[PDB]
Structures are given as structure tokens and as C-alpha cells.
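Below is one structure, written out as C-alpha cells; the observations come after it.
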Amino acid sequence: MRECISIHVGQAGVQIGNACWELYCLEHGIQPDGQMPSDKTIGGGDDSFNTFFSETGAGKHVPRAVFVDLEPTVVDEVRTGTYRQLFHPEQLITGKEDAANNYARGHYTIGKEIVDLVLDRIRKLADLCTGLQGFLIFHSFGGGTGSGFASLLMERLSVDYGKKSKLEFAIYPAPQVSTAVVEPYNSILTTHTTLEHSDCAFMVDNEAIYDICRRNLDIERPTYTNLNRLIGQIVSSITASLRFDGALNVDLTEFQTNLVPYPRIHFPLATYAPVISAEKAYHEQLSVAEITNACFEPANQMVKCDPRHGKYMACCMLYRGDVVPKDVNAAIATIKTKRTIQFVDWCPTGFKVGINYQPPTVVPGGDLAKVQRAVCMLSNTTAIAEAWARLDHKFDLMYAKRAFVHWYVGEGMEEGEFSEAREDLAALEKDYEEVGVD
Amino acid sequence: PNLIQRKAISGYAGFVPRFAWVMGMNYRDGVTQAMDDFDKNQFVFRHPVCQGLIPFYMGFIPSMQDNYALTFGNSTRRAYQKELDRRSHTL
Amino acid sequence: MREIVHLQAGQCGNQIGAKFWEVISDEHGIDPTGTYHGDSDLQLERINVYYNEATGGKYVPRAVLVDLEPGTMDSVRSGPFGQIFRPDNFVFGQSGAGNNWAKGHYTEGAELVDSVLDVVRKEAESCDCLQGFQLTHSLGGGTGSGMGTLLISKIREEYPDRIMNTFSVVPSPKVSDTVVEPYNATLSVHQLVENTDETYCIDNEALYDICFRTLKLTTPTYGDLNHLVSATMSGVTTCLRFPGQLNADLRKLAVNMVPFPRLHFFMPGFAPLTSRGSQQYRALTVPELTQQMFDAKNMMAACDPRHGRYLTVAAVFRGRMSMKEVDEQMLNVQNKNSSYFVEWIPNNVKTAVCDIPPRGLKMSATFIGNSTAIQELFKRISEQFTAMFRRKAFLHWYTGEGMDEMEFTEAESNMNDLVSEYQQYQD
Amino acid sequence: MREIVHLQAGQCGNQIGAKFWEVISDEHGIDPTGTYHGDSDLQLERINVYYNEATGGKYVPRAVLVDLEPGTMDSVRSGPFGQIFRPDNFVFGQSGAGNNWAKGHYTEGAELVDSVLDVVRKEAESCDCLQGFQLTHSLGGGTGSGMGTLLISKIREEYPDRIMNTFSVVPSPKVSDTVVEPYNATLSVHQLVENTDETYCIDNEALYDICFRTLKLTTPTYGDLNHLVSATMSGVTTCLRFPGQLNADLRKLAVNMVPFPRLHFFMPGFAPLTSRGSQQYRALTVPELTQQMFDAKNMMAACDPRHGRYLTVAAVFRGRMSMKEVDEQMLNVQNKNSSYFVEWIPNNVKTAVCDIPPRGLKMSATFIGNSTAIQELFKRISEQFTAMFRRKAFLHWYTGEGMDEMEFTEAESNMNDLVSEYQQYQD
Amino acid sequence: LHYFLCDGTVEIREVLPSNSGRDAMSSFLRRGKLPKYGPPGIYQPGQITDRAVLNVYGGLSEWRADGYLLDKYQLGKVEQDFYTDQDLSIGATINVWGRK
Ligand SMILES: Nc1nc2c(ncn2[C@@H]2O[C@H](COP(=O)(O)OP(=O)(O)OP(=O)(O)O)[C@@H](O)[C@H]2O)c(=O)[nH]1
Ligand SMILES: Nc1nc2c(ncn2[C@@H]2O[C@H](COP(=O)(O)OP(=O)(O)OP(=O)(O)O)[C@@H](O)[C@H]2O)c(=O)[nH]1
Ligand SMILES: Nc1nc2c(ncn2[C@@H]2O[C@H](COP(=O)(O)OP(=O)(O)OP(=O)(O)O)[C@@H](O)[C@H]2O)c(=O)[nH]1
């Protein structure tokens, strides 16, 4: 039917997978024991919940996700957590050794012995699934593990499955923070190994994730609990159409078709507009015009790329909750009439809209609000070339000073690839200004 | 502590006590009784500060062959009780 | 799984290992009897990193202890946990050291190496997969250096893919006791630079300055000195054990830490050492930790890198924090002293965050830095070496052993090479 | 039923059997007076394979004891279990030994062979279906060899279809006490090689090595040493008398064990030896049992098997095991040192697994292995033989008693043939 | 044992018999002071002494090994009882780092 396969590749992946599945159990009320209250839902697993769970004749929902890790500690703790007996035992594949922040160590010396097992899990899910619409791959760019292994996995899964779609969600380098000196290396490695098979990859910046918290949510000391909750509700908004009903519907396939103009560039930015606390929600008014102004306001975007430094190119907005289309189209009219947002001249029309009736969901004791109207925006721009421009002016320095290269050559890597990665990246920037110029 | 204090998660990359003493059996029962008597003895540990054997058996129980003139069955059960009586040296 | 087997050599190493082991036992609640103390399932969950399992609910340590004179081992055995150590593993030597590095390298080592290798390989067979080995010793004193050189030079080839961490006490600058100490240090560091991968340096004068300036107690012992240095090792080590999101691998810190093969030597230093009244006169906040943390007075390593410059730093914090405090602290310090860092590579701090604070304290930390601050130390050792070799003072002993001045020549060449190298990248 | 009759020869065999029989008695739990207390139905079941039973619940042993000098027999009968022997079974002669194989094989034997044969065949009539006989004696010991050669030669033909176990002690490399010992050993081995099938060889030098290394008890006694040596054959016999998914027959081991007709020589090997506090300070697991078992030090028979190559190895484990661990350990050793073995016969290992452990230990092993390690023994004996023959020193006794030097010639020829023949198999 | 009266400390030696199968080391324990009860959670060496200094004005210059100003309230004096001569008799209970 309709379903997606979840691939949490990464130590940072299990973070967000744990959080987003904590969300995913609430909206259908999946008890941490595995079965519903007195009310009846069990059967072949035929309702909206099938698209994630297989609550087969055993009556227990199956998490259609696979968790891969390279340090036993965090996976061990999460299975010593609460939702353990909900999880499947050997969907939690954990190694015994670390990539040592080294993309090459992750890629060559360590990657080989696990790919067989991981493909085994994927195919023994693929046999029982029907639609095979897509995967949700989550890794981390600066992943001291998650960096490399994910890339080679993408390689082999693309070559053995050449038809279906791939959505990547990866926390990005920070502009002024690199908590790993190896981050500016593995970033270029992963980029020039993944641009050519990754279907659509999305990024976001942790620093601005922090900033928004005390810009509007008023959180001086947030944590991962908060951050992961945010990203989880992001993906919940994006798959709301997949799960629930509404007036008109769209799918990840439509996202792929509409959003990405050219090969290469498929890197839009996402913003969730109605992030605000309960005190604001209670005696403060919510409506379409102000939420749209919030979404297109530059600062609220969690990536330090001023849109005025660039030009909006494509735009997809999904509205969720009790909303009507009149104000929606009037708002898009006011938006297009405003001049400051200088659109690329190519497409006169650049707006894909998707409406779902079902309101979003809070978690008790959480941080979000008892919302009625919500909008998620994902739009692709040209205002982002500055980030990789920033990456190069330091990668050049460090490779010219050949610092740490002893590490990679000792583990068994050479440098022709390190050379060609920079031309791949230069190609992406030059294509960016080429497409920007009209 | 550890809830589901009966089995902590099949495929425990972390290790468990009672790999020794009583092991050679599977995860669940071993780990749960491990932790159970483990914690119990720790607590104390932290207390104050101050009829009818069938024929053709091989294996000699006392006497037997000296006495005779019956069937294997009756004779053997006879010895079965009298090994509580006079050749009571069996245990 | 992955685990650690410890090496303690020299009488310094004996004392250090004794304190270090007893502090770890205090951490996981082990008593002098040897049974477990169940209070923290989390303190139980990972004992394989340091303790093998024995029968009867007992936890032998995987420690190889070596010395030459029986009195040191008898003192250690008569301490609070000699029963926790093993008698079988108590290998020792038939003669005295003589505080002569040639003796330590060719005369008796030539027939102790066999037994020590047998013991260590038996332990390795017992265990499955190693991070590697850390060795605690002295580079200046006789026994520690004399056997450390040989043991690393051996173990390296038979285990070519492990972490060879060397944790050594550095001889006193102005009063080093041993008068052949310059010679010993030179002939030891010569092989050390070629064999090890990562090195921790500590000086007892800086220990004295700490124990006076901030401890404020006027009558400590070398035991208290060992306690502080053991605190440093506990902070660097326990990361492997406990949960929470942070890099733990020693190789991880290495690949974050060392830019070039000859880069080896680092400078420890702790988080709040608290006087008699400042426990209740102090509020524990991330800003004040960072304040006292990256402080000149607080450094315990050799002497102020104020002359030198910082290549890289690594910080491991411990407690119930979040990310943005360490983020803002590092952002601030970068610009608070921009000029003291090397412009070669930015983002020069590697940061780790653990959730399990020590037994009796809420917010703690540990620092380690690679700074261009060893030039002065081995420069001083260079003048002493040149002055003493100038007229072949005390040369008769080592010649009688069978040494030669040629090895002195290439040793001084190598040390000067390191001097120039550490000069070049920084300046 | 199947049963085994014990033969005690030579004054060593005296003390050896004296310890061995009380070992059996207490491993079955019987008082000195003989009134067995049933504490284990299984041991009660299988006690038959050695014992016969009178009335009154006293377990007579089926062991024939023979000597010449009466005092040692008086001592053993006065000992703690003298009542358990049969004064019926004691036979001797009036005359002395001279520690002289000439007298033993021609003079003093001709008037005791009759009575010893009579008693042994009477007990043979008493028993039903033998596997065979085992003889405890010495090869360098005088009277033991003197009687043993004859008695083996006389039982071989009468019972040509059974198992002739021989148990003997080898002269010390450094000093053999007896000085006509090499002549005696050569003369005895001449008949042993032709007649026997199986022979264990033991030596006090490596026994003393064991005592220093692991007994660690300062002042030992030869009785406890006999305990140490007796545990071995007790163990190899243990399976005969207890259940479990394994097999026991001395033939069931010999067929595995002997690759060619001229092979009879076997070096015992024993498992966990426990020191001062290692009782509490060791972890008993199949891994460490395997490691400690297959060791150069733990071997005690002849010489370090470091120098040659192995041919066949057999191990029997006693406790509550499974097949996985033994199989994987065998693979571990085989692959680790594939070179030490001989490539002629691959899969050169055998493993038996019995459920009922020895008393006091929950897990034990016993090792026997026939390797190309026996060279040095008959080498040494050969050079000593020729050297002492160079001037025929100590020969008037033997020529007077009435042999000729031609028997010496052929004995040395056969021994040289054995030398070359093992050398040809090995290389 | 051998209880000193000039130090308030204790020493332990061993009387193992011959052939006991035990090491030759005699002085089983040090001559420090036995805590009255079980192994105290190590009271973080760094604050384990007797006096209480207030401030040090020395490192300003160098005339002596700096000054040690005293105090008058002695805060942080923490309770560590020790096995004195009082609780001694034939027949009692004494814990020695876990030794009943
Ligand atoms: N996704 C996620 N990222 C985090 C979290 N906390 C910090 N991060 C960021 O995510 C990244 C984690 O990736 P890596 O450091 O490479 O992790 P790794 O190679 O798998 O190994 P570990 O560091 O041991 O977890 C870090 O660079 C952090 O910047 C979190 O809870 N979730
Ligand atoms: N145990 C102990 N060691 C100390 C103390 N102070 C300094 N040390 C160090 O211990 C070192 C020697 O330790 P070892 O290596 O075991 O002894 P060694 O090899 O014989 O070297 P020598 O000092 O010449 O005797 C010295 O170089 C000192 O630097 C102390 O107070 N107690
Ligand atoms: N009973 C006993 N025999 C020992 C001991 N040590 C070595 N043996 C040897 O074991 C040998 C076998 O004993 P017998 O065959 O009875 O001795 P023998 O035939 O009278 O002649 P000799 O060997 O010269 O004494 C002895 O000869 C000794 O050489 C010991 O401690 N006790």
C-alpha cells in the first residue's frame, strides 16, 4: 500500500529516530507495552497506521526501521530504555569498533563486513512490503561514525535498486563551529561521493536551532530533548499527507518531481513556522497571514543564509489543521505582490501547496503548543552558495598544509580523490551562479 | 536498576554478571536469576557492621549375589527396602 | 569486546598505579574484600574495560606490575588492596637497579623481558580485543625508563595496531635528585619519540605550586600528588565506560589531536580544586569552571605556554549540562585570545560531554592541550647534556657496561631535530 | 563385567600404589576400616571395575603386591590403610636385591615367579572379563625392573588378547642416584619395547619444577609428590567408571593413540594446579583450562616439547561441559600453531568429556600426548651406555651372574634403531 | 596486632605456619590508622588535612616560602573516628576495611 522504510544510519541517527518514534507512537496511541487499550484495532494491520507499523496477528506493531551503529554504548542504552520490547531485536545492528572520525576508516577497512547483514535486513523487509515507495535515511555529516558508512550504503542500495526514491536528512556543519577538525574533511568526502546518487538531501544548522529557542520559545538552556522533538515534528508534518486524509493530497514523489529543477542541486531549506510556547498560544492569536510572514521571515530559517543574499527559486508549503483555501490563496497573492522577496525570473509560478485536515499533535509535558493551524515550508533557493564557499577557503588551507594526512595514508587512503573532490565542489558552485544568472 | 528485570534486551553488547557459576544456558532466566540472587546477597552483603528396579541392571549394590532363590524383580525391591534396614549404608 | 590492560613500571609507577587503582575501586564501589557493592547498575554495566572476572564474585585487575627491589612491591601489597592485586602477576627482579640506564637496558632486562612478555601475552590471550595499552612510569628515574623503553620496543611489533599511551612523570627542572638524570632522559626520549604515539607529561614542581597555591594545607604527601594525577587519568579514561553522547576512543582524541607523526607530548590540568571554605563559598557554574579551567595558574604541566602557542586543545566535561554553554564558552575564548592560537586550522577545540559526574561532585572537567611549550624543557635538558658530555663526566660506568658515545651523538641529533621541528611550524 | 587387576612392583611401586589406592578410596568415600558409606549411587555402581566384595561391606582391592625386602611392605601395611590390603596377597623372598638386574632376571626371580603367577591367575579366575593389566614399577629401579621384565614376559603369552599398561619413571638428567642405572634401563627397555603396548614415563626433575613453580609450599614430601603423579592415571581411568556422553576403554584410547607398531611412550599432562591464594584468585573457564593445560611449564614428564614436533594428542575433560567450547579451543590451538603439528595425519586430536568431576574441583582436564619429544631421553641413555662400556666398568657382577656382552650389543642396536626410526618419521 | 601508644595507630603482621602454601611477606597491613567502620567513600583527597589556612601573601614577592595566615572557626572539619585504645577486649567486633 503506502509505506516507507526507515534507515537510521548513525549514532546521531538513533538520537532523532528515538525522538521521532516517541512522537510516532503517540498519535495512534501505541502503548509502550505494544497493544491498544480495550478498544479494537488488531487485524492484518489495515488502517492509516500500516504505513509505519506491522501490527500483525501477533498484535504488536513492527517498527519498519533499521538502526545501525558503531559504538555499543548508545544503542545499548536505548534498548535498555522504554520502547525496547516494541523494537525488534536484530533490527538493531551494532558493531564493536569506531570509525575514529575518519571517513576513510568508516569507508574501506570497516564497512565491508556489515553490508551483507544490513542488506539482509533490508531485503527481509522488502519481501513483505508491497508499495516500496521510499526510504527515510538519516545520517549526520560530521558523524564521527555516521559520515562514511551511510555513503557506501547509499551506493550499494542505489545500484541494487534503481527505481525508487531517496530522501536524506542530515545535520549540517556549523558555519563558525566545527567540533571535529575532521569535519571539513569528511564533509567534502561525503558530498563528492553522494551528490550523484542522493535523490533529495536536506540540511539544517544546529546553531540556529539553538537560536530560535530563545528567540521565541524562550529557552536559555535547551537540549537534545527539545531539538530532536523539533526535527521529529518536522518529519511528522512532511508525512501527514502520507498518513491522514484531507481535501487534496501530495506525496514524496511529487516533492521530488516539483522541487528539484536540475540534476546536481537538490538542496532546499526547511522551516517550521508556528514554533511558539504555550503562554504565547493561549492569549495570542494564530492565523494564516502572520504565520506566512513568520515562514518567509529570514531569521526564522534555521540556516544562516539570508534569502536577500539570494533569490527564492522553488517553494512547497504544506498546511495542516483546520484551514480553508480562501485565505491561503489571498496570502500567496500578498506574498507574490511584495517586492523584497526577489524571485528568480525563470518560473513565474513556484508554489506547491498541500492541505491536510488533521491537526498536529503535542506530547504531554513537552514544549510545543496545543496548535490548531500549522504550516511547514520547504523551499529551494540560491542563497546557500556561501556555505560551501566558506567550506573551501579552509579546506584549501588544511590540505595545503597536509596536516593529519599521515592518518589517512596510514589507514590506507590516497589523495587523487582528495584532489577531485574540490573540482566536484567547484562544479556545484559554478553551476549555482550559472543557474542564478538569467 | 533494570526494569523488565527478567531479561535485558536480546543481544546485549554490554556484558552481564554470572557468565560463571551458573551459565551454559540462555539469556533470560540466567540474567534475571543472576541479578536477583546477586542483589539479594549484596543486600545481606550490606547488612550490619556488628519401587521395582527392572532386570539386567549392571552395578552392584551390597550383598545381592550372596542371597538368591527369587526373581530379579521381587529380590531387587526386597533389597530396595532392606537397604533402609540392615545394609542401610546407601544414600 | 574492547578492554584495557594496564602497565605499571618503576617505583614511581608502583605508587601511581596503587593510587590510580584504589581511586577506580572507590568509583565503582569495590571494597578491600573484593566483592561488588551494588549501588549503581550503570557503574556495573561496563566493568570489562578494566576488570576481568574471577570466581566467587571477585574482580581481579588486568595489571602488569614490574619492579626490581622487593620492598616496593611489599609496600604495595601491604597497602589497602594488595590482596586485590595478584601474587602470580607480581614479577620482579633479582638484583638492584643501580639507577643506571645501561643496566636497565642491556644487563638484567635481557633476561626479564622473557617473563614479562609471557605474562602480558597470557593476559592478552585471556582477553578478546584491545584498545591498546597505557604504561605509567618515569622517563628520568632508573627503573621506569630503563624497562619502559625495552617493553615498548618489544610490544610494538607483536601488536602493531593498538594505542600505545605513555604516561610519564617528568624530572624536576631545578632539583631532579638523580644526577645522571640528564643522560637517562636523553637516552629514553630517543626511543620514546620513535615508538609511542601519545604522551602525558607531569612535573612535581608544578604539583608543589598547585598544592600550595590552591590546596592550602601545608602538609601533603607524594600520595596527594599521585591523587591529583590519578584524577587526571580518571577523567581522560572513564569516557569509554559511561553513556552519554561524546567521543570516547583514545584513537578518536588522537585523530582529533595530533596533526603530525612527531607530535606526541601533552600537558594535563584539572577542573576545580577547592579550598577548605570555597566548597560552601562557591557556586558551580559552567562559566566559572571555564574561567578557572583555562587558567595559567591552574596549569600543572611544566611552565607557562605564555611563551609558546596553542596548536590544539581537547576538553572533556562531566555532569548534567547541555550543549550551548560549552558552545558559547568556546566561542568566547577563541576571540578572548585569538592571537594565542595557530592560524593553520581553526575550530581548534575538540569537545566531549559526559553525563556521570564523579562520586561527590556535580560539575567537573578535564583539559588537555597540544601547545608549543616543550621547547624550553628539552632545551634545558639540551644544555645540561652538552655541558656534561663536554668532558665525559660519569662516562666510565656506561662504558664499562659496554655503551658508546656514538649513541649519545645520534640521540642528541634526534632531540635537536625535535627542537627545530617544534620551532618551525609555530614560528 | 569388565575389571582391572593392579600389579605393584619395585619399592617405588610400593609407595606409588600406596598413595594411589587411598586416592581411589577417598574419591569413592570409604573409611579406613572399609565400611563404605554410600554417598553417590553412581560410584557405588561402578566400584566393581576394581573391587571385589566379601561380606561386611569391606571393599577388597584386586592388587598383587610383590617385593623382596620386607621392611617397606611392613611400612605400607602399618600405614593408614594397611588393613585394606590382603596379607594373603603379600609374597616376597628371603634374599636381598643388590639393586641388580642380573639377580632379578635370573637369580632371585626364578623362585618367586611361580607364586606371583599362581596368585595372579587365581585372581584371574576370580574375575570375569578383563580389559588387561597395569603394572606400576620403575625402569631405572632395580628390583622393579628385575621382576617386571620376567613377569611381563610370562603373562604376555598366557593372555595374548588384553591391554598391558606399564607405568614407569625415567632417570633424572642431572643425577640418577643408582649408577648402574643406565645398564639396568637399557636391559629393561630391550624387553619392554618388544612386549608392551602402552607406557607412561614420569620424572622427578620436572616434578620438582612443578613444586617450585606452582606448589610454592617450601618443604614438600615424596608422598605428596606421589599424590601429584597418581592424580594423572586416576584421571585417565576416571571415565571407565562413570556415565556421560563419552567413552573410556584403554583400547578406545590406544587405537586413537598409536600410529605405528613400535610406539609406546607417553608423557602425562595435568590440569589446574592452584597456588597459595589462586583458589580465590582464579577464574575457572574452559578457555583458561585449555591455555594452562597446553603449556611448556605444566608438562612434567621428560623435556620441553618446544624442541621437536607433536604426533598425536588426547585430552579428557571432567565436569559439566559442552561440545562447542572444546571444539573451538581445538581449532584455536590448531590454527594458532599449525606448524608445530605434523602434517602427515591432520585432525591429530581426541577429546573425551565425562560429567562427574574429581572431588574438590568442579572442572578438570587430563592430557596425554605422544610427540617427537622422546629423542633426548634415549639419546642421553645411549651416550651414557657407550661411555661406561668403553672400559666395561661395573661389569664383573653381571658376567659373574652369567650373561654375555652380546646381549648388551643387541640391546644397544635396538635402541639405536628406535632413535633412527623416530628420527625418520619426524624428518 | 601491635597498637602503638605514641601514634594512635595500628599494625598487622601474619603468623602463617610452615607448608601453609602462602607467600613469605609478613607485614600484611600498613601502620596507618584503622577507620572505625567500613571503607569510607574516598573523601576526595585535596581536602584531607588538619589545619585551615586562610590566605597566602607570599608569591607577591620572595622572602620566605610565603606566609600562612590562620583562621578562628575551622569550618569543614569532617568526622572520621578511629579505633582507639578504649574499645579493646577479649571478644568484640572490629571491622578492618571489610574484615569481620
Ligand atoms: N543528531 C544528533 N546530533 C547531535 C546530538 N548531540 C550533538 N550532535 C551533533 O551530532 C554529531 C554527532 O556525530 P559524530 O560526532 O561523528 O558521532 P559518531 O561518529 O557516530 O560517534 P559519537 O561521537 O560517539 O556519537 C556531532 O558532530 C554533534 O555536533 C544529538 O543528540 N543528536
Ligand atoms: N614512590 C615515590 N616516587 C617518587 C617520589 N618523588 C618522586 N618520585 C619519582 O620516582 C622516580 C623513580 O621511580 P622508579 O622508576 O620506580 O625508580 P628507578 O627506576 O630505580 O629510578 P631512581 O629514581 O634512580 O631510583 C624518581 O625519578 C622520582 O621522580 C615519591 O615521593 N615517592
Ligand atoms: N618408594 C620410593 N622409590 C623411589 C623414590 N625415589 C626414587 N625411587 C626409585 O624407584 C625405584 C623402584 O623401586 P624398586 O624397583 O623397588 O628398587 P630396587 O629394585 O630394590 O633397586 P634400586 O633401584 O637400586 O633401589 C627405586 O629403585 C628408586 O630408584 C622414593 O622416594 N620412594
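Positions of Cβ are generated from backbone atoms using ideal geometry, with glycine treated the same way; all protein chains shown enter the neighbour counts. Nothing in this text is a laboratory measurement; each read-out follows from the coordinates by a stated rule.
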In the range C:118-160, what residues are among the polar types (S, T, N, Q) and outside any strand (DSSP E or B)? C:126, C:143, C:145, C:149, C:153
Residue check, residue D:39 within 14 Å of another protein chain (Cβ to nearest Cβ) and not polar (S, T, N, Q): yes
Can you work out which of the residues in the range D:1-42 that are under 15 Å from residue D:62 (Cα atoms) and of a type in the set (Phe, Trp, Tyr) is farthest from ligand 2 (Cβ to nearest atom)? D:21
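May I ask you to verify whether residue D:206 is more than 16 Å from ligand 2 (Cβ to nearest atom), hydrophobic (A, V, I, L, M, F, W, C), in a helix (DSSP H, G or I) and over 30 Å from residue D:395 (Cβ atoms)? If you could, list the steps in order and put the result at the bottom.
Numbers: more than 16 Å from ligand 2 (Cβ to nearest atom): yes; hydrophobic (A, V, I, L, M, F, W, C): yes; in a helix (DSSP H, G or I): yes; over 30 Å from residue D:395 (Cβ atoms): yes.
Yes; evaluated as a whole, the condition is true for this residue.
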Go through the range D:296-315 and report how many residues are under 17 Å from the mean Cα position of the chain (by Cα) and small (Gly, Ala, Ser). 4
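How about the range D:217-235: which of its residues are farther than 19 Å from residue D:303 by Cα and buried (at least 18 other Cβ atoms within 10 Å of the Cβ)? Break it down stepwise before answering.
Restricting attention to the range D:217-235, the residues satisfying the condition of being farther than 19 Å from residue D:303 by Cα are D:217-224, D:226-227, D:230-231, D:233-235.
Result: D:226, D:230, D:231, D:233, D:235.
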Every residue in the range E:16-33 that is more than 11 Å from chain C (Cβ to nearest Cβ) and within 14 Å of the chain's Cα centre (by Cα), please. E:33
Check off (1) among the aromatic types (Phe, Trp, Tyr); (2) closer than 27 Å to residue A:351 by Cα; (3) buried (at least 19 other Cβ atoms within 10 Å of the Cβ) for residue A:244 and give me the number that stays unchecked. (3)
Quick check on residue E:46: is it in contact with a helix residue (DSSP H, G or I) (Cβ under 8 Å, 6 or more places away or on another chain), surrounded by 11 or more Cβ atoms within 10 Å (Cβ to Cβ) and within 12 Å of residue C:275 (Cα to Cα)? yes
Report, by residue number, each residue of the range E:74-100 that is of a type in the set (A, V, I, L, M) and over 30 Å from residue C:278 (Cα atoms). E:88, E:90, E:92, E:94, E:96
How many residues does the range C:191-225 contain that are more than 9 Å from every other protein chain (Cβ to nearest Cβ) and at positive phi? 0
With respect to residue C:36, determine if the residue is surrounded by fewer than 20 Cβ atoms within 10 Å (Cβ to Cβ) and within 30 Å of residue B:31 (Cβ to Cβ). no
Condition broken by residue A:137, with the remaining ones in (1) in a strand (DSSP E or B); (2) within 14 Å of chain C (Cβ to nearest Cβ) satisfied: (2)
Any pair with Cβ under 8 angstrom, 6 or more apart, that starts in the range E:35-54 at a residue that is of a type in the set (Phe, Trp, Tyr) and ends at one that is surrounded by 14 or more Cβ atoms within 10 Å (Cβ to Cβ) and in a loop (DSSP other than H, G, I, E, B): E:37/E:95
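Is at least one residue of the range C:182-189 surrounded by fewer than 22 Cβ atoms within 10 Å (Cβ to Cβ) and either more than 30 Å from residue C:273 (Cα to Cα) or touching a helix residue (DSSP H, G or I) at 6+ places or on another chain (Cβ under 6 Å) (or both)?
First, pick out the residues of the range C:182-189 that are surrounded by fewer than 22 Cβ atoms within 10 Å (Cβ to Cβ): none.
No: zero hits.
Would you say residue D:141 is within 23 Å of residue D:378 (Cβ to Cβ) and in contact with a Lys or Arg (Cβ under 8 Å, 6 or more places away or on another chain)? Full working, then the answer.
Values: within 23 Å of residue D:378 (Cβ to Cβ): yes; in contact with a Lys or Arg (Cβ under 8 Å, 6 or more places away or on another chain): no.
Taking the combined requirement at face value, the residue does not satisfy it.
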Subset tally (residues that are surrounded by fewer than 18 Cβ atoms within 10 Å (Cβ to Cβ) and of a type in the set (S, T, N, Q)) for the range A:51-65: 2
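For the structure I just gave you, tell me whether residue D:54 is surrounded by fewer than 21 Cβ atoms within 10 Å (Cβ to Cβ), within 14 Å of chain B (Cβ to nearest Cβ), more than 16 Å from ligand 2 (Cβ to nearest atom) and more than 24 Å from the chain's Cα centre (by Cα).
Working: surrounded by fewer than 21 Cβ atoms within 10 Å (Cβ to Cβ): yes; within 14 Å of chain B (Cβ to nearest Cβ): yes; more than 16 Å from ligand 2 (Cβ to nearest atom): yes; more than 24 Å from the chain's Cα centre (by Cα): yes.
Answer is yes for this residue.
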Of the criteria (1) over 23 Å from the mean Cα position of the chain (by Cα); (2) part of a loop (DSSP other than H, G, I, E, B); (3) farther than 16 Å from residue C:426 by Cα, which one residue C:343 fails: (3)
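Can you tell me which residues in the range A:351-361 are surrounded by fewer than 18 Cβ atoms within 10 Å (Cβ to Cβ) and either closer than 22 Å to residue A:214 by Cβ or not hydrophobic (A, V, I, L, M, F, W, C) (or both)? Lay out the reasoning, then the answer.
Residues of the range A:351-361 that are surrounded by fewer than 18 Cβ atoms within 10 Å (Cβ to Cβ), as a first pass: A:351, A:353, A:357-359, A:361.
Matches in the range A:351-361: A:357, A:358, A:359, A:361.
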Would a scan of the range A:38-52 turn up a residue that is assigned to a helix (DSSP H, G or I), farther than 18 Å from residue A:236 by Cα and not β-branched (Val, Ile, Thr)? no
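Quick one: which of C:387, C:393, C:365 is of a type in the set (A, V, I, L, M) and in a loop (DSSP other than H, G, I, E, B)?
C:393
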